[PDB]
Amino acid sequence: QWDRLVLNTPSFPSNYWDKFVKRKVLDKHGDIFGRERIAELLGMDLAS
Amino acid sequence: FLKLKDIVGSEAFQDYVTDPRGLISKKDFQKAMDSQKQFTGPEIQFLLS
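Residues numbered from 1 in each chain as written, not as in the entry; some residues may be left out. Chains lettered and ligands numbered in written order. Part of a larger assembly, values for the part shown. Heavy atoms only, no water.

Structure determination for the deposited model, as stated in its record, used cryo-EM, and the stated resolution is 2.53 Å.

A.B. asks: Where do I start with the packing of aromatic side chains in this structure?
C.D. replies: For any pair of aromatic rings, the description consists of the separation of the ring centres together with the inter-plane angle of the planes. Residues and elements named next belong to chain B. Counting across every chain of the model gives 3 aromatic pairs over all chains. With a centroid separation of 6.4 Å and an interplanar angle of 80 degrees, the aromatic rings of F1 and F46 are classed as edge-to-face. Of this pair, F1 sits in the segment before α1 (3–9) while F46 sits in helix α4 (residues 41–48), and the two are 45 residues apart along the sequence. Geometrically, the ring pair formed by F13 and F29 is edge-to-face, given 6.0 Å between the ring centres and 80 degrees between the ring planes. (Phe/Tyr/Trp six-rings, centres within 6.5 Å; stacked < 30°, edge-to-face > 60°. Helix = DSSP H or I, 4+ residues; strand = E, 2+ residues; numbered from the N terminus.)

A.B. asks: In this structure, what is going on with unusual backbone geometry? I would like to understand it.
C.D. replies: Residues other than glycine predominantly adopt negative phi, and peptide bonds predominantly adopt the trans conformation. Residue and element names in this part refer to chain B. Notably, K37 is not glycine yet its phi reads approximately 70 degrees, a positive angle. Structurally, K37 is set in the loop between α3 (26–36) and α4. According to the relative accessible area criterion, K37 is exposed, its value standing at 52%. (Buried < 20%, exposed > 50% of the residue type's maximum accessible area, 1.4 Å probe, protein only.)

A.B. asks: I tried to follow helix α1 (residues 21–33) of chain A on my own but got confused; where do I start?
C.D. replies: Since the α-helix packs 3.6 residues into each turn, any two residues three or four apart lie on the same face. With 13 residues, α1 of chain A should reach 18 Å at 1.5 Å per residue; the first-to-last C-alpha distance of 17 Å fits that figure. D27 of chain A marks the point of greatest bend in α1 of chain A, at about 35 degrees. (Expected span 1.5 Å × (residues − 1). Bend = angle between axes of the 7 residues up to and from the residue.)

A.B. asks: What's the story with the packing of α3 of chain B against α4 of chain B in this structure? I'm lost.
C.D. replies: Relative orientation and spacing of two packed helices are given, respectively, by the angle between their axes and the distance between those axes. Residues and elements named next belong to chain B. Running from amino to carboxyl end, α3 crosses α4 at an angle of 145 degrees, the nearest separation of the two axes being 10 Å. Once α3 is placed against α4, the crossing between them reads as right-handed. Residue-level contacts link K26, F29, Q30, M33 and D34 of α3 to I44, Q45, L47 and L48 of α4. Taken together, the residues of the contact of α3 with α4 sort by class into 5 nonpolar, 2 polar and 2 charged. (Axes fitted to C-alpha atoms, helices over the stretch in contact; angles between N-to-C directions. Left-handed = near helix turned anticlockwise from the far one by under 90°. Contact = heavy atoms within 4.5 Å. Nonpolar A, V, L, I, M, F, W, Y, C, P; charged D, E, K, R; others polar.)

A.B. asks: What should I look at first to understand the nonpolar core in this one?
C.D. replies: General note: in soluble globular proteins, nonpolar side chains tend to be found buried as a group. All names here are of chain B. With 9 residues, the main nonpolar core is built from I7, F13, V17, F29, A32, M33, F39, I44 and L47. Residue assignment for this core shows that the elements contributing at least two residues are α3 and α4. Of all the elements, α3 adds the most residues to this core, at 3 residues. Not counting residues up to four positions away in its chain, the partners in contact with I7 are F13, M33, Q36, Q38 and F39. (Core = buried A, V, L, I, M, F, W, Y, C linked by side-chain atoms within 4.5 Å.)

So, in structure tokens, the structure goes:
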């Protein structure tokens, strides 16, 4: 529940070195659950 | 015919579902299958049939 707060923050992976976590999650779960929904959950903007 | 049961159970396709009666239109069904990407076009046509 507390971690739910950090999902959409711009700097979520600040200490963990993997900077492609959001892109990997989007590519993995975008089709089944919706690219727009995943992007909204993770605070990323495909158009940008 | 197992994946279709799974998809109808899935909520993402039920988002394309809009009719209060729960019955979906042919075009809405086609769009939902395309969005899910589990089925190719010929398969989608078959399940429509």
